[PDB]
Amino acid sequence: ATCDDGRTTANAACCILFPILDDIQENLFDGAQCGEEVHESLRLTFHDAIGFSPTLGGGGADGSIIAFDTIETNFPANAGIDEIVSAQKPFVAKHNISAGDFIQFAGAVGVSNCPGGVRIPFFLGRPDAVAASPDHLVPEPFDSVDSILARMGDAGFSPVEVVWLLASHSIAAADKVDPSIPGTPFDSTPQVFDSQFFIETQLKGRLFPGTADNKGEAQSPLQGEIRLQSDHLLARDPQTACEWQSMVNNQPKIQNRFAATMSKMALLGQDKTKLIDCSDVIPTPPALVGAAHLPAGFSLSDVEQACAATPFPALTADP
């Protein structure tokens, strides 16, 4: 189909997304950057979608976190999410699409700005949310591995799928875990979608980048980086360690599994067959910049290897 300004897409219904793409690229993502608002919007896709439980209710990727913001943004696990919800809301009103669709669309456009990144499949037509998520459906960084895996499993994800989704922490930072050092990233390359997150979480912790007493925070190996205790555990627990290590220096795997699993998460509470495939509207991401490495001055001996079956790969360090 050929849209009005000449751009093309497989299904004509998708044409409406083009003005939205252009608006959010300039006015949410600061000129198509892989920056703060991209990272926040990607977090939002998760805090919206994971509000889904067959037992407990919540309609998944339904835009409930915007429609029912008054309730949802006050859940403790949602601390800091009000900022991005506030920024996205006017865009939803202005453009003529549901909040559920807008959240997933902004997340997929955002990720496509990141070098090494992917186009997450995107489907258009979610109806408006009809209920707020219950509380206690979002995992917290002080939760156990068993807790996190049981919650994610309740929403439909296997343990390996949890690891794959947490490639998102390759382009991510924390503002609320330690409020003394807001905007401290989880890896040394928060503007590149790469395997550094899986490498650097495996390193022995050395220091706290800010204060020492934050709930859900573990020691970091680098002053410029913060480490969640959930990530410290998932990297090391026998249930997940081998999958975690398998992501290291495996960019095609990170790419493939993150796109596929983000699609599944974007469709929680939804039926793909009542939606329209608009995947080809998402921009082509740039190729990876840089190659997997240990931080300068580190060696293999700084890695806390946790996969019994398979030795950690021989990376070189920045010089």
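Residues carry their position along the shown sequence, with the first being 1.
Would you tell me which stretch averages the higher CA B-factor in the PDB entry, 174-182 or 115-123?
According to the entry, 174-182 carries the higher average C-alpha B-factor.
Per the entry, higher mean C-alpha B factor between 306-314 and 16-24:
Stretch with the higher mean C-alpha B-factor: 306-314.
Member of 251, 270, 53, 70 with the greatest C-alpha B factor (per the PDB record)
Among 251, 270, 53, 70, the PDB entry lists the largest C-alpha B-factor for 70.
In terms of CA temperature factor as recorded, identify the highest of 80, 216, 221, 100.
Comparing C-alpha B-factors across 80, 216, 221, 100, the top value belongs to 80.
Using the B-factors in the PDB entry, rank residue 161's C-alpha atom against the chain and give the third, lowest, middle or highest.
For residue 161, the deposited C-alpha B-factor lands in the lowest third.
Split the chain's modelled residues into thirds by Cα B-factor; is residue 139 in the lowest, middle or highest one?
Middle third.
Which third, lowest, middle or highest, does the C-alpha temperature factor of residue 93 belong to within its own chain?
Its C-alpha B-factor, which the entry lists for residue 93, ranks in the highest third among residues of this chain.
Residue 110 CA temperature factor, ranked by third within the chain
Its C-alpha B-factor belongs to the lowest third of this chain's values.
What third of its chain's C-alpha B-factors does residue 39 belong to: lowest, middle or highest?
For residue 39, the deposited C-alpha B-factor lands in the lowest third.
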